[PDB]
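> Below: one structure in structure tokens.
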Amino acid sequence: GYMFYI
Amino acid sequence: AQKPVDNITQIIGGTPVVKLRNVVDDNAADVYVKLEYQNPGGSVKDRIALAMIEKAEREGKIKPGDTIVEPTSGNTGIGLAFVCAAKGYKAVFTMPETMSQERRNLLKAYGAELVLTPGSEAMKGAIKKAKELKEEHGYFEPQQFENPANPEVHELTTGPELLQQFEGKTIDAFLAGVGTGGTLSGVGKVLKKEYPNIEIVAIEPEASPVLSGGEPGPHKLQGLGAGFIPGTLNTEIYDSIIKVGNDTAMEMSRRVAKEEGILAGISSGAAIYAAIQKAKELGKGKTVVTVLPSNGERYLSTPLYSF
């Protein structure tokens, strides 16, 4: 469920 | 003003540097910020989108008209969408279905195709789908967290720009937020060669402090905090790490917009907060440099600029 915006 | 160019990608790079005046005082070192949002597609990721596409073309891995795929909900998707439109490639992005309609409009305005993955699966679901599409269809996958063209472009462009911009000065510290780590690694390599006594500092979220040896955790520093150590990050390049909290970064971005007239994203606020901490430690007359990856206008629907 881990989110990042790269 | 630059002479006319044949393709918008030829204006990627050459970004300006501004000295901060009000958010840091005369008792601290001077702090300078490089405005990567001045790239024509709006962020530092223009550089790596161009470099990864151009390297794959130079190696015959792709040719104009080919389709590429990348899992991305951030500025790399915008950068690749932009560069693909400018260079005649087709872009496919995988991303969780939580993406906003405005962001979908932006990527589709450049002609990109979106493949939406389950929201509850977040980035893991998007990464898995991109790999599946690559294997099923033969799409080229830039792989921003492993592709050496990412740190290399910063070694060839961003870093040498800084050397030219700081001729007649020495840089005492260079700090950058780590997403892929390509900026810190490529710029850091160039600056350490020219200025062997420089300190290189990685910035990461306090809430997801993986470079510091901690565990991944939810955080709000858009552009940072991948939750793993990227292959594109040279973990030997930095001398120290500064962890920044979500609220501290937002408060700094707001101050910098109001007091400097520099409207940047939350990762820029984190970078400036860390640079100011370092400037206070180095003291008057020293020179601290950081990078602002993206513009605050891209984040008007986040809490960052919601008053």
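Going by the structure tokens order, chains are called A, B, ..., each with residues numbered from 1, while ligands are numbered from 1 in the order shown.
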Show which residues sit within 6 Å of residue 6 of chain A, as an MDAnalysis selection string. Count only C-alpha atoms, and ignore same-chain residues fewer than 2 positions away.

chainID B and resid 74:76 223

> For the selection just defined, write its residues with N, CA, C and O atoms to a file, as an mmCIF file, in the first residue's frame.


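Once written, again-v3.cif looks like this:
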data_model
loop_
_atom_site.group_PDB
_atom_site.id
_atom_site.type_symbol
_atom_site.label_atom_id
_atom_site.label_comp_id
_atom_site.auth_asym_id
_atom_site.auth_seq_id
_atom_site.Cartn_x
_atom_site.Cartn_y
_atom_site.Cartn_z
ATOM 1 N N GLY B 74 4.124 10.644 -10.588
ATOM 2 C CA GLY B 74 4.738 11.924 -10.303
ATOM 3 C C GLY B 74 5.275 12.640 -11.518
ATOM 4 O O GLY B 74 4.829 12.446 -12.649
ATOM 5 N N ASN B 75 6.271 13.481 -11.277
ATOM 6 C CA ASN B 75 6.802 14.321 -12.334
ATOM 7 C C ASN B 75 7.490 13.559 -13.446
ATOM 8 O O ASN B 75 7.615 14.098 -14.550
ATOM 9 N N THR B 76 7.935 12.319 -13.206
ATOM 10 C CA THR B 76 8.540 11.559 -14.292
ATOM 11 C C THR B 76 7.515 11.218 -15.350
ATOM 12 O O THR B 76 7.831 11.197 -16.540
ATOM 13 N N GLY B 223 7.664 13.658 -4.521
ATOM 14 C CA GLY B 223 8.937 13.660 -5.206
ATOM 15 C C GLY B 223 10.021 12.924 -4.443
ATOM 16 O O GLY B 223 11.038 12.550 -5.045
#

> Could I get the residues of chain B with an atom no further than 12 Å from an atom of chain A, each paired with its nearest atom pair and that distance in Å to one decimal, using only C-alpha atoms, sorted by chain and residue number, as JSON lines?


{"residue": "B:43", "atom": "CA", "partner": "A:6", "partner_atom": "CA", "distance": 11.1}
{"residue": "B:44", "atom": "CA", "partner": "A:6", "partner_atom": "CA", "distance": 10.9}
{"residue": "B:45", "atom": "CA", "partner": "A:6", "partner_atom": "CA", "distance": 8.9}
{"residue": "B:48", "atom": "CA", "partner": "A:6", "partner_atom": "CA", "distance": 11.9}
{"residue": "B:70", "atom": "CA", "partner": "A:6", "partner_atom": "CA", "distance": 10.9}
{"residue": "B:71", "atom": "CA", "partner": "A:6", "partner_atom": "CA", "distance": 9.2}
{"residue": "B:72", "atom": "CA", "partner": "A:6", "partner_atom": "CA", "distance": 6.1}
{"residue": "B:73", "atom": "CA", "partner": "A:5", "partner_atom": "CA", "distance": 5.0}
{"residue": "B:74", "atom": "CA", "partner": "A:5", "partner_atom": "CA", "distance": 4.2}
{"residue": "B:75", "atom": "CA", "partner": "A:6", "partner_atom": "CA", "distance": 5.8}
{"residue": "B:76", "atom": "CA", "partner": "A:6", "partner_atom": "CA", "distance": 6.0}
{"residue": "B:77", "atom": "CA", "partner": "A:6", "partner_atom": "CA", "distance": 8.0}
{"residue": "B:78", "atom": "CA", "partner": "A:6", "partner_atom": "CA", "distance": 10.0}
{"residue": "B:79", "atom": "CA", "partner": "A:6", "partner_atom": "CA", "distance": 10.6}
{"residue": "B:80", "atom": "CA", "partner": "A:6", "partner_atom": "CA", "distance": 11.8}
{"residue": "B:95", "atom": "CA", "partner": "A:5", "partner_atom": "CA", "distance": 9.9}
{"residue": "B:96", "atom": "CA", "partner": "A:3", "partner_atom": "CA", "distance": 9.2}
{"residue": "B:98", "atom": "CA", "partner": "A:3", "partner_atom": "CA", "distance": 10.6}
{"residue": "B:99", "atom": "CA", "partner": "A:5", "partner_atom": "CA", "distance": 10.5}
{"residue": "B:118", "atom": "CA", "partner": "A:1", "partner_atom": "CA", "distance": 10.1}
{"residue": "B:119", "atom": "CA", "partner": "A:1", "partner_atom": "CA", "distance": 8.4}
{"residue": "B:120", "atom": "CA", "partner": "A:1", "partner_atom": "CA", "distance": 5.9}
{"residue": "B:121", "atom": "CA", "partner": "A:1", "partner_atom": "CA", "distance": 5.1}
{"residue": "B:122", "atom": "CA", "partner": "A:1", "partner_atom": "CA", "distance": 5.1}
{"residue": "B:123", "atom": "CA", "partner": "A:3", "partner_atom": "CA", "distance": 5.5}
{"residue": "B:124", "atom": "CA", "partner": "A:1", "partner_atom": "CA", "distance": 7.3}
{"residue": "B:125", "atom": "CA", "partner": "A:1", "partner_atom": "CA", "distance": 8.7}
{"residue": "B:126", "atom": "CA", "partner": "A:3", "partner_atom": "CA", "distance": 10.3}
{"residue": "B:127", "atom": "CA", "partner": "A:3", "partner_atom": "CA", "distance": 11.3}
{"residue": "B:143", "atom": "CA", "partner": "A:6", "partner_atom": "CA", "distance": 11.6}
{"residue": "B:144", "atom": "CA", "partner": "A:6", "partner_atom": "CA", "distance": 9.1}
{"residue": "B:145", "atom": "CA", "partner": "A:6", "partner_atom": "CA", "distance": 9.7}
{"residue": "B:177", "atom": "CA", "partner": "A:6", "partner_atom": "CA", "distance": 11.7}
{"residue": "B:178", "atom": "CA", "partner": "A:6", "partner_atom": "CA", "distance": 10.0}
{"residue": "B:179", "atom": "CA", "partner": "A:6", "partner_atom": "CA", "distance": 6.4}
{"residue": "B:180", "atom": "CA", "partner": "A:6", "partner_atom": "CA", "distance": 7.6}
{"residue": "B:181", "atom": "CA", "partner": "A:6", "partner_atom": "CA", "distance": 10.8}
{"residue": "B:182", "atom": "CA", "partner": "A:6", "partner_atom": "CA", "distance": 11.9}
{"residue": "B:205", "atom": "CA", "partner": "A:4", "partner_atom": "CA", "distance": 11.4}
{"residue": "B:208", "atom": "CA", "partner": "A:2", "partner_atom": "CA", "distance": 10.4}
{"residue": "B:215", "atom": "CA", "partner": "A:2", "partner_atom": "CA", "distance": 11.5}
{"residue": "B:216", "atom": "CA", "partner": "A:2", "partner_atom": "CA", "distance": 8.0}
{"residue": "B:217", "atom": "CA", "partner": "A:2", "partner_atom": "CA", "distance": 7.4}
{"residue": "B:218", "atom": "CA", "partner": "A:2", "partner_atom": "CA", "distance": 6.8}
{"residue": "B:219", "atom": "CA", "partner": "A:4", "partner_atom": "CA", "distance": 8.2}
{"residue": "B:220", "atom": "CA", "partner": "A:4", "partner_atom": "CA", "distance": 8.4}
{"residue": "B:221", "atom": "CA", "partner": "A:4", "partner_atom": "CA", "distance": 8.5}
{"residue": "B:222", "atom": "CA", "partner": "A:5", "partner_atom": "CA", "distance": 5.5}
{"residue": "B:223", "atom": "CA", "partner": "A:6", "partner_atom": "CA", "distance": 4.8}
{"residue": "B:224", "atom": "CA", "partner": "A:6", "partner_atom": "CA", "distance": 7.0}
{"residue": "B:225", "atom": "CA", "partner": "A:4", "partner_atom": "CA", "distance": 6.6}
{"residue": "B:226", "atom": "CA", "partner": "A:4", "partner_atom": "CA", "distance": 5.8}
{"residue": "B:227", "atom": "CA", "partner": "A:2", "partner_atom": "CA", "distance": 7.8}
{"residue": "B:228", "atom": "CA", "partner": "A:4", "partner_atom": "CA", "distance": 10.8}
{"residue": "B:230", "atom": "CA", "partner": "A:6", "partner_atom": "CA", "distance": 11.8}
{"residue": "B:266", "atom": "CA", "partner": "A:5", "partner_atom": "CA", "distance": 11.8}
{"residue": "B:267", "atom": "CA", "partner": "A:5", "partner_atom": "CA", "distance": 11.0}
{"residue": "B:293", "atom": "CA", "partner": "A:6", "partner_atom": "CA", "distance": 11.0}
{"residue": "B:294", "atom": "CA", "partner": "A:6", "partner_atom": "CA", "distance": 11.4}
{"residue": "B:299", "atom": "CA", "partner": "A:5", "partner_atom": "CA", "distance": 11.9}

> Could you go through segment 106-163 of chain B and tell me which residues DSSP, when run on the backbone, assigns to strand (DSSP E or B), listing them as a VMD selection string?

chain B and resid 113 to 117 140

> Next, dump the selected residues to file, keeping only C-alpha atoms, as a tab-separated table (two decimals), in the first residue's frame.


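Okay, out16.tsv is ready:
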chain	number	residue	atom	x	y	z
B	113	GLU	CA	-2.19	6.47	-22.52
B	114	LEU	CA	-2.97	5.59	-18.92
B	115	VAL	CA	-3.29	2.09	-17.47
B	116	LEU	CA	-4.92	2.36	-14.06
B	117	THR	CA	-4.10	-0.16	-11.36
B	140	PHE	CA	10.66	-0.10	-23.70

> Would you list the contacts of residue 25 of chain B as a ChimeraX atom specification, taking every protein, DNA or RNA residue within 10 Å and counting only C-alpha atoms, but skipping same-chain residues closer than 6 positions in sequence?

/B:31,276,279-280,284

> Once you have the residues from the selection above, write them out as a compact mmCIF listing (two decimals), in the first residue's frame, restricted to N, CA and C atoms.


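What landed in part.txt:
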# COMPACT_ATOMS: atom_id res chain seq x y z
N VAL B 31 22.45 31.10 0.84
CA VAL B 31 21.71 29.97 0.28
C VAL B 31 21.24 30.33 -1.12
N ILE B 276 18.83 25.74 4.88
CA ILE B 276 18.93 26.79 5.89
C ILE B 276 19.55 26.25 7.17
N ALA B 279 23.15 26.13 6.38
CA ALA B 279 23.70 27.48 6.32
C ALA B 279 23.97 28.05 7.71
N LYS B 280 23.06 27.80 8.66
CA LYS B 280 23.26 28.29 10.03
C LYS B 280 24.49 27.64 10.65
N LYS B 284 28.33 32.85 8.20
CA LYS B 284 28.40 33.93 7.22
C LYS B 284 29.55 33.74 6.24

> Do you have the atom CA of residue 15 of chain B-atom CA of residue 159 of chain B distance handy?

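If I compute the distance from atom CA of residue 15 of chain B to atom CA of residue 159 of chain B, I get 11.1 Å.
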